[PDB]
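This report refers to the structure that appears directly beneath it.
Protein chains in written order, with the deposited numbering: chain A, 1 to 364, 381 to 405; chain B, 59 to 174.
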């Protein structure tokens with residue numbers, strides 16, 4: 001028997017396509033090569049490409065795919081379509097796997113909505129722990145979007161129980177708006193700043209800061225971004241600069257290194273792709289957790305029986321029998337992937353027990385400490401604490 | 059959406075409601091599928107990535123009331139103030155209230171309510 005798995009992606013088509021489709025193809029091919037997962041089952045898929053927006057078209061493609069029928073669905077990548085997608089999936093008791101953060105459903109938790117990505121509020125506890133460790137009572141935090149404040153809730157309520165004073169700054173959309181705010185950073189002397197922003201902007205934010213020349217050893221810089229390796233690495237200052245951040249992509253265990261360098265050999269064998277400043281060839285978080293979700297599906301299917309195709313309508317409301325069984329089998333699934341060990345709590349399809357490795361630049381790197389949701393900020397290294405003649 | 063289909067088959071000039079914005083997304087999906095105006099009763103989260111011209115909300119803007127409250131608080135000139143808000147959903151109306159001490163020096167305190 002073979003397995004049918006469905007993926008719909010809404011991305012711009014005036015430019016070369018998204019890369020996590022490539023990652024999904026590599027992962028499914030990889031499991032098709034290895035027979036240690038299922039020697040009698042080979043995973044198959046039909047891939048459908050659509051221009052972004054027009055959620056009616058997303059629903060139409062969902063109807064097209066439901067005409068055939070699969071065990072799980074990937075995408076859409078925008079909040080508008082996923083509302084109707086989850087509505088119809090819940091009506092059809094079809095579990096839905098998604099690979100990016102969306103606004104959480106606090107009205108009623110969908111039991112068929114399963115996401116693999118570390119939570120904002122967990123990151124908020126993490127930044128609390130790191131800032132308390134560095135024992136700083138004056139910090140200035142700036143974001144560019146309404147969602148960003150949700151990643152910083154506990155800091156916002158931090159003065160309610162601490163002596164901390166907070167300076168909240170906002171970035172208007174477009175990258176030409178930071179030029180003023182940096183000048184007001186000149187006017188009021190500050191050294192302790194947090195940029196809560198997507199990794200898309202951090203590259204040219206660093207470029208602008210180095211152009212103006214504010215990064216020195218006077219300043220302490222920290223980003224909410226979860227990967228510093230992917231970011232542009234021009235930081236080899238002999239002027240002294242303090243750079244700190246998180247890391248989630250495991251780089252030890254030479255099997256993991258082998259997997260990533262297979263992907264790092266595959267990207268380049270295809271012609272060059274023009275970028276914004278991000279280095280092409282080192283793994284991105286979303287596609288990495290896509291790679292992990294593929295193996296979620298694989299291990300889930302390793303318990304299930306042979307697939308049974310069904311024909312239904314997207315305007316009908318008759319549930320399909322193996323849906324509850326598959327969502328249960330997903331529910332008690334636990335694995336070890338690139339982001340670390342993944343498991344799910346018994347009240348939501350939200351991800352838990354995230355790994356957050358603190359990394360700082362000093363080789364112009382070094383283990384400092386880790387955080388987990390099952391404990392606090394675990395100080396692993398006491399540091400060797402060099403002093404020079 | 060089945061109710062929307064029923065009314066569409068029957069045939070009217072516009073639709074009123076529903077009260078909750080959860081079903082409003084589906085209702086607007088069908089209405090602009092064939093581009094018919096729909097009238098909303100109260101606040102709905104704006105489409106902040108794509109544009110709709112069919113958005114009739116007769117609810118006062120968050121920006122208007124926020125500027126009104128900033129005007130009042132600056133007019134009565136208290137330099138030491140606290141604000142209490144229901145949740146993170148609460149803070150969206152008074153975003154700029156915590157931003158105001160950039161241009162000024164109000165000592166603002168921030169506290170969060172429980173669901174109880």
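Ideal Cβ placement from N, Cα and C applies to all residues, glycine included.
Figure out for me which residue from A:357, A:383, A:361, A:381 has the closest Cα to the Cα of residue 389 (chain A). A:357
Please tell me whether residue 16 (chain A) has its Cβ less than 8 Å away from any Cβ of chain B. no
Please report the residue range of the beta strand (DSSP E) in which residue 43 (chain A) lies. 42-50
Residue 189 (chain A), DSSP secondary structure in three states: The DSSP-derived three-state label of residue 189 (chain A) is coil.
Where residue 113 (chain A) falls: helix, strand or coil (DSSP): In this structure, residue 113 (chain A) counts as strand in the three-state DSSP scheme.
Checking contacts by CB at 8 Å: is residue 161 (chain B) closer than that to chain A? no
N-terminal and C-terminal residue of the beta strand (DSSP E) that residue 7 (chain A) is part of: 2-10
At 8 Å on the CB atoms, spell out the chain A contacts of residue 150 (chain B), in chain order. 146
Give every residue of the same chain whose Cβ lies closer than 6 Å to the Cβ of residue 194 (chain A), excluding the five residues on either side of it in the sequence, and list them in chain order. 141, 222
Whole-number beta carbon distance between residue 44 (chain A) and residue 3 (chain A), since they are thought to touch under 8 Å: 6 Å
Using a Cβ-Cβ cut-off of 7 Å (strictly less than) and excluding sequence neighbours within five positions of residue 125 (chain A), which residues of its own chain qualify? 154
List the residues of chain B that residue 56 (chain A) touches, going by C-beta distances under 7 Å, in chain order. 87, 91
C-beta neighbour in chain C for residue 83 (chain A), strict 8 Å: Absent from the structure is chain C; the protein chains it does hold are A and B.
Would you mind sorting residue 89 (chain A) into buried or exposed? The rule is 16 or more other CB atoms within 10 Å of its CB. buried
Any C-beta of chain A sitting closer than 8 Å to the C-beta of residue 108 (chain B)? yes
What residues from chain B crowd round residue 255 (chain A), counting only those whose CB sits closer than 8 Å? Chain B residues near residue 255 (chain A): none, gap ~39 Å exceeds 8 Å.
From the beta carbon of residue 137 (chain B), is the nearest beta carbon of chain A less than 8 Å away? no
Taking Cβ positions only, does residue 61 (chain B) come closer than 8 Å to chain A? At least 8 Å separates the CB of residue 61 (chain B) from every CB of chain A.
Measure the CB-CB distance between residue 314 (chain A) and residue 72 (chain A) and report whether it falls below 8 Å. Taking C-beta atoms as the reference points, residue 314 (chain A) and residue 72 (chain A) fail to come closer than 8 Å.
I want to see whether chain B comes within less than 8 Å of residue 189 (chain A), judged by CB atoms only; does it? Chain B contact via Cβ: absent.
Report the neighbours of residue 169 (chain B) on chain A: residues whose CB is nearer than 7 Å to its CB, in chain order. 160
In or out: residue 70 (chain B) buried (at least 16 other Cβ within 10 Å) or exposed? Exposed.
Cutoff 7 Å; reference residue 267 (chain A); Cβ partners in own chain excluding five residues on either side: 280, 281
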